[PDB]
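Notes follow once the structure below has been shown.
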Amino acid sequence: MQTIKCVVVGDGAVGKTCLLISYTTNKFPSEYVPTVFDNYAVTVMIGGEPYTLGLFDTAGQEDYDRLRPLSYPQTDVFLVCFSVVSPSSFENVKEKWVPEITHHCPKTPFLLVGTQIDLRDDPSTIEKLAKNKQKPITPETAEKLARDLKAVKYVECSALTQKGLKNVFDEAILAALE
Amino acid sequence: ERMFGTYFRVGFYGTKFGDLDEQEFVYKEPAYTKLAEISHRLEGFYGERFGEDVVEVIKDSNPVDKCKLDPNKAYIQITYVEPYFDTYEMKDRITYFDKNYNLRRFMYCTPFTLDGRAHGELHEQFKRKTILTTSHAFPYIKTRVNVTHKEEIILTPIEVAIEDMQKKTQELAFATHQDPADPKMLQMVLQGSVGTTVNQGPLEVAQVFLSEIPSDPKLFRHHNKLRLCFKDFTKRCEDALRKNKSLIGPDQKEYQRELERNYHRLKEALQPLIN
């Protein structure tokens, strides 16, 4: 068959783009050749068949609230993104992002992607956020959020330790085929 | 371009590797094997043996300086690489049907600033193209074969701008002239060219490099090339815009209207610097 339209929404500085460009180029977040253009293509193999995944990258600013949903038509699957050590961004998933894609696309599947999970079990950031009365997001407190919101499932990854990186995108493709 | 399969460089650093220490291979994996995959395996396999906590993985591509490395730990550097060809070698991989036959040169790019950072501003960004030569050549009896020579090339930031532009001019070019068309792949390329929201957009490239005509004409052969690459780019965006107008239905009409509007807004700005 053909390309899968996967639109990726979330707050800037959850490193949402940082991971798109690093999975697709087989680079660590330290060595990807930076660009000026947007969106990234990637071929993943799945059951021996190779599917191509068009990755549509969207600004998380209010300033684009008017323009952004122009990409939403003909989407196949959504990656809604937050960083597990930025609880500003995990609130904007309940009350900005998931409402937005489900208002223009009620029948389209979406996934909850937590990112930067290396900085969770990192000492210098845990008490750094606690030193403003905040703990990072446990997978528990996100797994329910996704069941609450009728997401296809929760996934989390690190661009840096590659952990669960491949799973994020395998599930996105799979969710597009249902 | 994995008719050829997937290739990574693998460097082994540490006395605990026995005879592998200071040896450097190019591994040949199945097609579409991802960096996570191999790096999971090589850490998983020397985890099971030396203890999880001494297998450290060099998430880098700058050449390993032996000093900075804790001599107690076992270091594996892993870098994705692509088969590197002559312009003569490549031409023949076009016209005759078998193409997987003398893979001995492998290329990777590592980005830097003079600052010692990896990434900088559009005018600070450098790139080192490295070419690895292996001892034997793929396809081969073993799946790894080690590296005997090595060549570094440096691209001045404007040369980097050109390679970025060229690749995306061709990405359009391909997504336009292709049967049956792929609309989602085409709009994905197209929107990320003329209607960018996140990265710097192509205009800032013309602005940072094409604004002043350089004196030193060794740098003029660069200024011009970027000037002409924007001309090819702006011609391929039109073609792509046109072609997307064919493929869309009613729901994407405002989408295309904005993609169009985004383009003429840009060609507008571009025209001073291109001419």
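As shown in the structure tokens, the chain order sets the letters A, B, ...; within each chain, residues go from 1, and ligands are also counted from 1 in the order they appear.
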
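The environment of residue 29 in chain A within 10 Å, counting only C-alpha atoms and disregarding residues fewer than 4 places along the same chain, consists of residues 15, 18, 19, 20, 21, 22, 23, 33, 158, 159, 160, 161 and 162 of chain A; 59, 60 and 118 of chain B.
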
Exercise for the section: Give the alpha helix (DSSP H) residues of range 5-157 of chain A, as DSSP finds them on the backbone, and put them as JSON, numbers by chain. Expected result: {"A": [16, 17, 18, 19, 20, 21, 22, 23, 24, 25, 87, 88, 89, 90, 91, 92, 98, 99, 100, 101, 102, 103, 104, 123, 124, 125, 126, 127, 128, 129, 130, 139, 140, 141, 142, 143, 144, 145, 146, 147, 148]}

Selection file, N, CA and C atoms, as a compact mmCIF listing (two decimals), in the first residue's frame:
```txt
# COMPACT_ATOMS: atom_id res chain seq x y z
N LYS A 16 9.71 17.22 21.17
CA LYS A 16 8.85 16.45 20.27
C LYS A 16 9.52 16.26 18.93
N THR A 17 10.05 17.35 18.38
CA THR A 17 10.79 17.32 17.13
C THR A 17 12.11 16.61 17.30
N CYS A 18 12.82 16.91 18.41
CA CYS A 18 14.09 16.24 18.66
C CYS A 18 14.00 14.74 18.45
N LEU A 19 12.88 14.12 18.81
CA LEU A 19 12.89 12.69 18.62
C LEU A 19 12.46 12.30 17.23
N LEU A 20 11.55 13.05 16.61
CA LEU A 20 11.18 12.75 15.23
C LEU A 20 12.41 12.66 14.33
N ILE A 21 13.26 13.70 14.36
CA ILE A 21 14.43 13.75 13.49
C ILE A 21 15.47 12.70 13.85
N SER A 22 15.50 12.20 15.09
CA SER A 22 16.52 11.24 15.52
C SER A 22 16.15 9.79 15.26
N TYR A 23 14.88 9.42 15.41
CA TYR A 23 14.46 8.09 14.98
C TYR A 23 14.62 7.96 13.48
N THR A 24 14.14 8.95 12.74
CA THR A 24 14.06 8.81 11.30
C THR A 24 15.44 8.79 10.65
N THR A 25 16.44 9.43 11.26
CA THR A 25 17.75 9.47 10.65
C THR A 25 18.75 8.48 11.23
N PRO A 87 5.33 18.96 33.66
CA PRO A 87 3.90 18.80 33.94
C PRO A 87 3.06 19.96 33.44
N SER A 88 3.69 21.03 32.97
CA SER A 88 2.94 21.98 32.16
C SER A 88 2.40 21.32 30.89
N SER A 89 3.18 20.41 30.30
CA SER A 89 2.84 19.85 29.00
C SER A 89 1.87 18.70 29.10
N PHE A 90 1.85 18.03 30.25
CA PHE A 90 0.92 16.94 30.49
C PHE A 90 -0.44 17.47 30.86
N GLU A 91 -0.52 18.71 31.32
CA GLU A 91 -1.85 19.28 31.47
C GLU A 91 -2.38 19.73 30.12
N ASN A 92 -1.52 20.28 29.27
CA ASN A 92 -1.99 20.69 27.95
C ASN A 92 -2.37 19.52 27.07
N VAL A 98 -5.68 16.83 23.08
CA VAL A 98 -6.68 15.78 22.83
C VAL A 98 -8.04 16.38 22.49
N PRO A 99 -8.51 17.47 23.12
CA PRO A 99 -9.73 18.11 22.62
C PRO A 99 -9.62 18.58 21.18
N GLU A 100 -8.44 19.06 20.78
CA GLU A 100 -8.31 19.69 19.46
C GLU A 100 -8.38 18.66 18.35
N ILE A 101 -7.54 17.62 18.42
CA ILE A 101 -7.59 16.62 17.36
C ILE A 101 -8.90 15.84 17.40
N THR A 102 -9.51 15.67 18.56
CA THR A 102 -10.80 14.98 18.56
C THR A 102 -11.96 15.87 18.12
N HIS A 103 -11.77 17.20 18.07
CA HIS A 103 -12.82 18.07 17.55
C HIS A 103 -12.85 18.10 16.03
N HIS A 104 -11.68 18.08 15.38
CA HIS A 104 -11.65 17.99 13.93
C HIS A 104 -11.65 16.54 13.43
N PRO A 123 18.63 12.11 38.91
CA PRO A 123 18.58 12.79 40.22
C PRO A 123 18.47 14.31 40.14
N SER A 124 19.20 14.95 39.22
CA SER A 124 19.29 16.40 39.20
C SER A 124 18.00 17.08 38.76
N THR A 125 17.16 16.41 37.98
CA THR A 125 15.90 17.01 37.58
C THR A 125 14.76 16.66 38.53
N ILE A 126 14.81 15.52 39.24
CA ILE A 126 13.65 15.14 40.06
C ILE A 126 13.42 16.14 41.18
N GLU A 127 14.46 16.42 41.95
CA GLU A 127 14.30 17.40 43.01
C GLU A 127 14.38 18.82 42.47
N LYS A 128 14.84 18.99 41.23
CA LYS A 128 14.78 20.29 40.57
C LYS A 128 13.34 20.71 40.30
N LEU A 129 12.48 19.76 39.91
CA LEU A 129 11.06 20.06 39.72
C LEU A 129 10.31 20.02 41.03
N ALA A 130 10.73 19.15 41.95
CA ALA A 130 10.15 19.14 43.28
C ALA A 130 10.43 20.45 44.01
N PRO A 139 4.37 6.41 34.80
CA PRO A 139 3.56 5.76 33.75
C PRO A 139 2.17 5.41 34.22
N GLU A 140 2.00 5.11 35.52
CA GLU A 140 0.66 4.89 36.06
C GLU A 140 -0.25 6.09 35.79
N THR A 141 0.17 7.27 36.26
CA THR A 141 -0.69 8.45 36.17
C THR A 141 -0.93 8.89 34.73
N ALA A 142 -0.17 8.37 33.75
CA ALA A 142 -0.39 8.61 32.33
C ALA A 142 -1.18 7.51 31.66
N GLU A 143 -0.95 6.26 32.06
CA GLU A 143 -1.72 5.16 31.50
C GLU A 143 -3.21 5.36 31.74
N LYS A 144 -3.60 5.83 32.93
CA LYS A 144 -5.02 6.06 33.16
C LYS A 144 -5.51 7.25 32.35
N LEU A 145 -4.72 8.32 32.29
CA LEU A 145 -5.09 9.48 31.49
C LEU A 145 -5.48 9.07 30.07
N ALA A 146 -4.76 8.10 29.51
CA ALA A 146 -5.04 7.65 28.15
C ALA A 146 -6.29 6.77 28.09
N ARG A 147 -6.50 5.93 29.11
CA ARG A 147 -7.76 5.18 29.16
C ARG A 147 -8.92 6.13 29.38
N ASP A 148 -8.74 7.12 30.27
CA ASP A 148 -9.75 8.15 30.44
C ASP A 148 -10.09 8.79 29.10
```

Problem - Contacts of range 11-21 of chain B at 7 Å (only C-alpha atoms; same-chain gap of 3+ positions) as a PyMOL selection string - result: chain B and resi 24-25+71+73-78

Generate a file of the selected residues that holds C-alpha atoms, formatted as a CSV table (one decimal), in the first residue's frame.
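Dumped everything to again-v8.csv:
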```csv
chain,number,residue,atom,x,y,z
B,24,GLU,CA,36.5,-1.0,14.4
B,25,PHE,CA,34.0,-2.8,12.2
B,71,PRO,CA,39.9,2.7,31.2
B,73,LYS,CA,34.7,0.7,31.4
B,74,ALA,CA,34.0,-1.1,28.1
B,75,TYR,CA,32.9,1.5,25.4
B,76,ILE,CA,31.0,0.7,22.2
B,77,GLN,CA,30.6,3.5,19.7
B,78,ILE,CA,27.8,2.9,17.2
```

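Distance annotation: of B:176, B:143, B:197, B:166, the residue with the minimal separation from chain A is B:197; atom set is only C-alpha atoms.
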
Mind running chain B against chain A at 6 Å and telling me each contacting residue's nearest atom pair with the distance in Å (one decimal), counting only C-alpha atoms, chain and number ascending, as a tab-separated table?
```
residue	atom	partner	partner_atom	distance
B:35	CA	A:26	CA	5.2
B:36	CA	A:162	CA	5.3
B:110	CA	A:31	CA	5.9
B:111	CA	A:33	CA	5.9
B:192	CA	A:38	CA	4.2
B:193	CA	A:37	CA	5.7
B:196	CA	A:38	CA	5.8
B:197	CA	A:59	CA	5.6
B:198	CA	A:59	CA	5.4
B:199	CA	A:36	CA	5.1
B:200	CA	A:36	CA	4.6
B:201	CA	A:36	CA	5.0
B:255	CA	A:70	CA	5.2
```

Handout entry: Best match for closeness to residue 275 in chain B among B:248, B:219, B:132, B:228, counting only C-alpha atoms
Key = B:228
